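Chains as they are written, first to last, in PDB author numbering: chain Q, 1 to 125; chain H, 1 to 222; chain R, 80 to 119, 123 to 166; chain Z, 1 to 222; chain N, 1 to 196; chain I, 1 to 204; chain J, 1 to 196; chain X, 1 to 195; chain a, 1 to 233; chain Y, 1 to 212.
Just so it is clear, CB atoms sit at the ideal spot from N, CA and C, and this is done for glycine as well.
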Amino acid sequence: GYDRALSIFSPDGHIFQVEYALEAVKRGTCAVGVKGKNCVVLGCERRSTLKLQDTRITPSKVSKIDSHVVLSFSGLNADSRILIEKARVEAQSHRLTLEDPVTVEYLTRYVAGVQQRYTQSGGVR
Amino acid sequence: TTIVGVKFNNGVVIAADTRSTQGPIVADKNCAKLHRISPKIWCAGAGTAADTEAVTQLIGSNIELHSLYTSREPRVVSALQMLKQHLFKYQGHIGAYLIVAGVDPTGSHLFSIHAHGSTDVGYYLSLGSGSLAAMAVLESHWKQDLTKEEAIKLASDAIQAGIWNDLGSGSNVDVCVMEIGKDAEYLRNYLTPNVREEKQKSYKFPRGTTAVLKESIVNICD
Amino acid sequence: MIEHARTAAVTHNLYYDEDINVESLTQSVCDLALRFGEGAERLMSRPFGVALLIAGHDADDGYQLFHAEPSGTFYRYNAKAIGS
Amino acid sequence: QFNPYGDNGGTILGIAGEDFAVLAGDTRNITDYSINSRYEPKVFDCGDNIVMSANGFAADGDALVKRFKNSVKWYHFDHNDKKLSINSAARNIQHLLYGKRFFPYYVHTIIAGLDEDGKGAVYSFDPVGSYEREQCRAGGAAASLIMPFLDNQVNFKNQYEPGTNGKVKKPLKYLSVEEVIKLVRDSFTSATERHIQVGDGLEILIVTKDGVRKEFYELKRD
Amino acid sequence: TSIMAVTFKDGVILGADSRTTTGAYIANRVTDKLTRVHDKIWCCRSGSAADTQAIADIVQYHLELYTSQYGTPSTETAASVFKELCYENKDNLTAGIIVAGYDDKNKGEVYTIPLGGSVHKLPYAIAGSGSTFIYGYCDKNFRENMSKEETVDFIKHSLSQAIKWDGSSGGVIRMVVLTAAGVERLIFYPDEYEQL
Amino acid sequence: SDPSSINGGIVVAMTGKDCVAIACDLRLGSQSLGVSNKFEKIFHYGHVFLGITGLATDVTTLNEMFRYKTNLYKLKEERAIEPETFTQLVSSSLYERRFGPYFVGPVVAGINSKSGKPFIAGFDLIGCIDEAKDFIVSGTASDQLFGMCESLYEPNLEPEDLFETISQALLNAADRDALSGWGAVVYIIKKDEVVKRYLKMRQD
Amino acid sequence: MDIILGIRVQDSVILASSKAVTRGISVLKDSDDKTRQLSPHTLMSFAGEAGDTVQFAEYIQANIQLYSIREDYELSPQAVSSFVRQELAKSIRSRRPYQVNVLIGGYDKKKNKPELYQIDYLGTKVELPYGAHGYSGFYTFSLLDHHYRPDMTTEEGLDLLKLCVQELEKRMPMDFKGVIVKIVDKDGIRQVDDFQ
Amino acid sequence: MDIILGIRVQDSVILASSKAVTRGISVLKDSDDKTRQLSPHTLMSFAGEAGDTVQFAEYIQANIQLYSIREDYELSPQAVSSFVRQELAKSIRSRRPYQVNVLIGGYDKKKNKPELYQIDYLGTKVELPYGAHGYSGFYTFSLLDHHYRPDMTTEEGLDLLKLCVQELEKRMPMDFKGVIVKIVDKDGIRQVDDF
Amino acid sequence: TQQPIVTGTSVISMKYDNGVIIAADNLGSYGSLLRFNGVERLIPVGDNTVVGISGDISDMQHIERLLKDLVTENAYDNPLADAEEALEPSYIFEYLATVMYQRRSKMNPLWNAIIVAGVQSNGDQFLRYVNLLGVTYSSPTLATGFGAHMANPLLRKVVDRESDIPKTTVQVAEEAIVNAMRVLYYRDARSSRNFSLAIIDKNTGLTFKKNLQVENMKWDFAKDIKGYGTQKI
Amino acid sequence: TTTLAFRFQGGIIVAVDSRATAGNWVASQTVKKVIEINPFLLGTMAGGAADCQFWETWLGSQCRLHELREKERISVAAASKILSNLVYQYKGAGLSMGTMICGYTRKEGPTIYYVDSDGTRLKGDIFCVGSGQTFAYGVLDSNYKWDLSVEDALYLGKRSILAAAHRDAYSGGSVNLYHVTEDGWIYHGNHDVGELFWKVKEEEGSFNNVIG
Ligand SMILES: C/C=C\NC(=O)[C@H]1NC(=O)[C@H](CC(N)=O)NC(=O)[C@@H](NC(=O)C(=O)[C@H](C)CC)Cc2ccc(O)c(c2)-c2cccc3c2NC(=O)[C@@]3(O)[C@@H]1O
Ligand SMILES: C/C=C\NC(=O)[C@H]1NC(=O)[C@H](CC(N)=O)NC(=O)[C@@H](NC(=O)C(=O)[C@H](C)CC)Cc2ccc(O)c(c2)-c2cccc3c2NC(=O)[C@@]3(O)[C@@H]1O
Ligand SMILES: C/C=C\NC(=O)[C@H]1NC(=O)[C@H](CC(N)=O)NC(=O)[C@@H](NC(=O)C(=O)[C@H](C)CC)Cc2ccc(O)c(c2)-c2cccc3c2NC(=O)[C@@]3(O)[C@@H]1O
Ligand SMILES: [Mg+2]
Ligand SMILES: [Mg+2]
Ligand SMILES: [Mg+2]
């Protein structure tokens, strides 16, 4: 129904909504990833350290998409949940149709394609 | 199959094609469909070919026996009645549709018999697959007081229309004329329009073409 | 765009048992360029932000190099540079 | 209930020689035991030296012929007037036929032409699109009657060289256009003699590197 | 098929068409649907030509033997023969018969035997495919003890209307008049009963 | 499924100059499965040959019945039966079971012992007498045999040429039918000599 | 169906028959002898519709024993095969035909030769070096086409039959619970006690 | 049908499944594992129409694995059985219903108890000490009614399954080419190497 | 249409030297009842085309509506609709044929047999056939129903091949058509004595004759037919 | 139609016939029943001619798409499951197909899958599909062994197809042979049954049942 073109080009050749999403990313907690010779480490920042916060149930910054791929994020948490759900569903679908867990590259490319579609579709940011 | 019968001033003519087909395939390209029930009582058949042959031969045998018993010339009405009763007894399961014509001491006669056992009388009749074409020709060219040559031409043209405009009728035209004062005349291949052209080649194989595994002389005597 | 090209190529094989002409592939790719706007079949919001150099070879027009823009227009260059 | 299918008979034949192809068909369009027309051609030239015939249901055959001609028109429009390869045409016809995999064109399809190397070629399609490149193929009513003859006189099946003790096959050789014309004429005369749905006229399209030419011959009208 | 039989002062008159059809094709357009089983006892036949012909032949044989043995039969006797033959073979027959006879005692009589073998004596009987179209005309025009010419005209009009509306009936109108004077055969051609 | 198409098989007879020929396939099978490579379908009584295609059990029963009848005929007439008389006998025997027919297609061939004329004829399952002067075909590949004969045959062939023609016709018609083949036999018949030849063909 | 196999080797005929009888979803017996000794030098294995099989087999056995007593002579295997074939061919066109398929193996003593005949319920008789009834052939035939040899011994034939049984037990959907193996030779009929 | 048997023993669930798959008159395979591990402590054996079986099994497997990843938690066997039952009950009234019967065996860790569920293609779910699909039950049940005991050991359950397999091989018209036997307990799912 | 109700019978047509002739009865049959008399089954389109339809009368009226609408739409924005861009017989045929094949392939066909006959702009005689199956064929003589069995054999005795068309005159072809109509009235139970006849001649244009009757009928011999065999009176 | 495929030490052997029939009528005997999906994947057809041909060519197209997308050869498992999911989406529509997908990958090794229109998908070592699959199965299982040489395995496949062509009436024409190894598929010729039968009869001392 709602197909208003929200992500369009600017006279200087810029898609403003994408840059403002990047700015929203710059406002989120920090995340880092490092590759070893045979291991990968993901570190994340906790918003200061509040005392009335229940740390046993609050979602962690690192979420598993499959048994062998993990995902950290920076930016809006809700959009992260959406991307994580789509990525897990796609991982299970690839397992179902290929009888082989997905590669990190394939899942990464799927997430990137989802985001790109969201940067070129109408009625969505 | 296209069979017709036309009565002329001094007798009756019947005519038919010469095509026996096992469905859509031609089996006999010169099948004789005119059957002799009596030396002067003939019958053209359509439908189950074996049924037509068998019923004509059986009624002809019975007619010969009856003519020997009564020492009289066989009558067309007798063959008509016997064929009718026989076919009706078998509830039309004998697929034979006949046009029976002839000359007897009572004069000239032409009838048609439907396989379920019904009979019709008329001066011109037609039956078979291509019956419609022949009947159209008859209704177009028939008149009262036909001569011998006129009725012959009419029947031949009806059979020709059946041959040309029906897939179930073809090859050559057979005719049988029966006049009162003469003997019956059975013209086989009265018209031979469908003659095959010369083949573009001769496929006589060079001897030794076929490979043989074993030979043997067969003993036919004793 | 690349996906739409690749499938199209293979589809032209499946439908015709032969390789698709370079110009035909480039034209099929360009057919997506101006498939944008509002209204609505729903179309994308913005045109593409990438230009393409499509190089290939067929037995009809030999070796070919094409420039494809989000304007729906494509040219054939003996040599072409795009970017900065 | 309404039956959406029908049979119009007909017979088509396709042969491929050294530098030529030939697609012939009978010009008789029929229905049940009646003839619709004695000259209704069904072997069409589609351009790019590609002749096609889809024999069987006349409506489906005409629809398929029109669809393939439209497909070649749009293929010229959308690919810089590129010549449609005979194998490309065969693949497109396979897809056309399989489009109605669950409501098929009740037609046996045969196309003829020249391949990329300029040599004769024939392609045959069942009603759903299983296509195959061959050198000889007959389709339609009299197909079962013509196909073995071809195997004997074109591929030299069962023909061994005389005296070779049934060990050396006959040397396979390409036939001349005159020889394939002779074989086609003989095949169609035989089909007209033995099959009631074949006859009236034979139309032959000959596709050489010089184009498409026509030869018409009369057939029996029984 | 359109058949009828009408009684009047001088006797009885039967009438029928001459169209025997196999489906939609006119197998015979000059059919004699008026059959005689005895000198002054005739029958109008409708239905299976084969079945009607067989029934009529057997009835004529039975009436001939009845004449040779016990004398001239009554019309009711021929009606009873037809009724027995039709009712005892109802499962394998499809024939509707109208038996019309004349004698000096009962003058002219008409019996009708439909499917199933029932038999009914009526002043006038109509039967056949076309009869359904002329029920009203006959019920409104039939009279008791008409003259010969009035009976012929009534039968002519009724059969002409039946032939006009019914495609299963056609050809010519055949009539057989049974009176004390004997048997008379009349024929009416399309160019006469179509203008009625 | 169909009674005539359970076992399969083909028989074809041709005529020539002072000679006849009759050939048959050597296959007996239960539909798809092939069982026997030695099931000949051409039998002979004196100097009259009969090929029987169709339901195998009916083929054997008719062979035994015709052997019976021909033996009794020879005993009563003190002479061998002629091909025309045997053809009439076959027609009458077939029609005798009109409403429970034998699912066969008989083909009679031979040389009239007295007139020396070659004679061939064919029948349907109810005995319709189909007498042709050129060729008679029967079996599952009846259409293939019809085409091959109507194409290859020419009248007045010598035995050595008639053999080649009938053999090529039979082989090329059998290669286009799945229910016939697995071998073939050809009888060439003259006035006082009958030669039987086993052909070589593909065994699929 | 059941497994009914036969193989003719030089100087012997071997017959194999399923041991299992199954009605419904229950195997009622696993030791069923599907053969009847028609004569000391002629055995017949059978399979088909329940009831008809044993009935037809015992009927043929009774007739063959009566003929043997009447003439004090044993019919050649060819004669027994022809007789049973005629019986089946008369049965097919009866009211209730026999639905039994049979293999007949016999040592012709007047010819000193093994013979094997295959007949179906229709009356189709064939003389084959090896035969089978039901679906069994669809496998076994192939094996035989590769491994059969005319100059084989009875032990070689038993080994070939064991190969056929192994292939059947490997690729058949039904468990026929082994086979009973019988050998017919110049010394009569014997039964292999242990085959697998 | 195929042989699909299940028996719930104290602290374990044993599932047996025929190894034979036959299309036409030829046994195409004699080593077919008719089970799918829905979760580390829940296995499902299946049998029915060709094609539909493995399709439905792998679909259920994908859904259960997705639920396990999404929540980082394993569904109880009861919940998995309820999900499969609802799926089948929605399927039955669809255009082309799934014609697959399933046995679900799982060791509920929150209750430390073995559980076995039987569901047919209609969506009729039951929790039974022993269950079977197809004609197999028509024999096995009787044996169990006589030989089952609640306080049995896993080895005793294996022996009871061996008795059932022997009875089937004796009185069944079809040769199912043995069975694959798997045990689901607190330590997960294992496969009996020699049965 | 899934089953025809009110139906019209045969339609006959043939070519001659300067044009074509078509004819059809004026009968609408409710099964075995000759229900409606005076039912024109020849639809003239333009001054150069006539469409003869047999079969379901409701579908024939639908095709009449379609032809009228086609003429109206061709008149739109066409200054040459009265000249070089008028409706040709081939256009009308191809349209009807496409429609018939489409409705067949949708399993709801028009229960009809159609014969389109006319003269093209260049004087050529067009005569072609279509039916509920969409089968199309063209012959110098075309008939539907019983006509195809009886009319065609008579009409081919005048024009057995294309080369016979220049030799046939308008009088010959019209007499043949009238004789075929008489034969149909003889041997067709679902036929009528009243019919209509159209002549599309490349010189005289369209000649449409209505309220014709079959005349010169031979029925006298019916007086000599007595009994079905052995009966003498 | 008769097709067979079996794994051995030297990879995979595939052997098909070439006869296609429309009832009792032998429609053709020049039918190529092995579809070269790619230089490493083969597809053997049995059943619906158009069905099998069309959908295996479509499977080859899908494999090309997968190779272009992931820059990696498609696995035999995934290739077979694509066609399996396709025919299952067309299940109950009237498709009649029985196919064998054979391939050699580094992950799986030599692999053979059977896929029919019923939706069944089975990984196996020895498969025979078609009307004459029983005769094939017989000869194979009688003379099969994993330690066969390439020559011996090719000969065994050819001989099984030959037996199936002899006995089964709907299988025949010619034998097409294929050897699938690490380097892809290798075509080993088209052998006419007419001559191959006599050759095998003379060289093996078998087929003594034939009168030839
Ligand atoms: C001259 C008089 C008619 N002339 C014909 O030429 C007629 N043909 C025949 O009677 C052929 C002749 C032959 N040589 O066998 N008989 C068979 O086919 C026989 N069936 C068989 O063999 C088979 O079961 C095979 C499987 C099929 C070939 C017997 C039979 C069985 C059922 C029938 O309904 C008919 C005949 C039948 C009745 C009426 C009209 C016709 C019939 N059949 C047609 O084909 C025809 O239409 C034609 O008119
Ligand atoms: C008595 C005066 C006029 N009678 C007619 O004019 C009647 N026509 C005939 O009986 C034709 C004539 C012919 N020479 O063919 N004969 C057959 O039909 C024969 N069956 C066949 O042909 C067949 O296989 C099919 C069964 C029919 C296509 C015999 C028969 C069998 C069962 C029947 O229920 C009837 C006739 C029947 C009864 C009532 C009215 C009519 C009947 N049949 C019709 O056709 C008619 O409608 C018409 O009224
Ligand atoms: C795969 C390797 C070999 N393939 C075969 O060997 C198979 N042959 C064919 O498919 C022939 C070949 C040809 N004419 O070129 N084509 C048709 O039949 C085609 N038309 C027709 O059915 C018709 O006329 C219809 C009336 C109108 C379209 C298509 C078709 C349709 C439905 C089917 O259910 C099948 C095929 C089918 C499936 C499984 C096995 C077989 C089939 N059909 C059979 O005949 C066979 O049994 C044989 O196995
Ligand atoms: Mg012809
Ligand atoms: Mg064969
Ligand atoms: Mg074979």
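query                                                                                                                                                                          : result
For Y:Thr57, return the contacting residues in chain R, with the cut-off set at a CB-CB distance below 8 Å.                                                                    : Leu93
Is it right to say I:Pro106 is buried, meaning 16 or more other beta carbons lie within 10 angstroms of its own, or is it exposed?                                             : buried
For the structure I just gave you, are there three or more beta carbon pairs, one from the region 6-21 of chain H and one from the region 151-162 of chain H, closer than 8 Å? : yes
With burial defined as no fewer than 16 other Cβ atoms inside 10 Å of the residue's Cβ, what is the status of Y:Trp146: buried or exposed?                                     : exposed
Give the C-beta separation of Z:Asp186 and Z:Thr27 to the nearest angstrom, bearing in mind that I take them to be a contact with Cβ-Cβ under 8 Å.                             : Incorrect: roughly 18 Å between the Cβ atoms, too far for contact.
Going straight from the alpha carbon of N:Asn89 to that of H:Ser118, what length do you get?                                                                                   : 18 Å
How many whole angstroms separate the CB atoms of X:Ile69 and Q:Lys37, which I take to be in contact at a CB cut-off of 8 Å?                                                   : No, X:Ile69 and Q:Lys37 are not in contact; Cβ-Cβ is about 28 Å, not under 8 Å.
Does Q:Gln120 have its Cβ less than 8 Å from a Cβ in chain R?                                                                                                                  : yes
Suppose you measure from the CA of X:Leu43 to the CA of X:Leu66; what does that come to, to the nearest Å?                                                                     : 16 Å
In terms of alpha-carbon separation, which member of a:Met14, a:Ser192, a:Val20 and a:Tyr30 lies closest to a:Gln3?                                                            : a:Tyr30
So which residues of chain Y does X:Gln55 contact, with C-beta pairs closer than 8 Å?                                                                                          : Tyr88 and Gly119
Which partner residues does Y:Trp185 have in the DSSP bridge list?                                                                                                             : Y:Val180
Can you tell me whether Z:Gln197 is helix, strand or coil according to DSSP?                                                                                                   : coil
Can you list the beta strand (DSSP E) stretches of 3 or more residues lying completely in the region 140-192 of chain N, in chain order?                                       : 173-179 and 182-188
Is there a C-beta anywhere in chain Q that falls below 8 Å from the one on X:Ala62?                                                                                            : yes
With three or more C-beta pairs closer than 8 Å as the rule, is the region 50-66 of chain I touching the region 1-20 of chain I?                                               : yes
Cβ of Y:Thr134 less than 8 Å from any chain J Cβ?                                                                                                                              : yes
Using a Cβ-Cβ cutoff of 9 Å, what residues of the region 125-157 of chain R are near chain Q? List them in chain order.                                                        : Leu125, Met126, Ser127, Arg128, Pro129, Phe130 and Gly131
From the beta carbon of I:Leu28, is the nearest beta carbon of chain J less than 8 Å away?                                                                                     : yes
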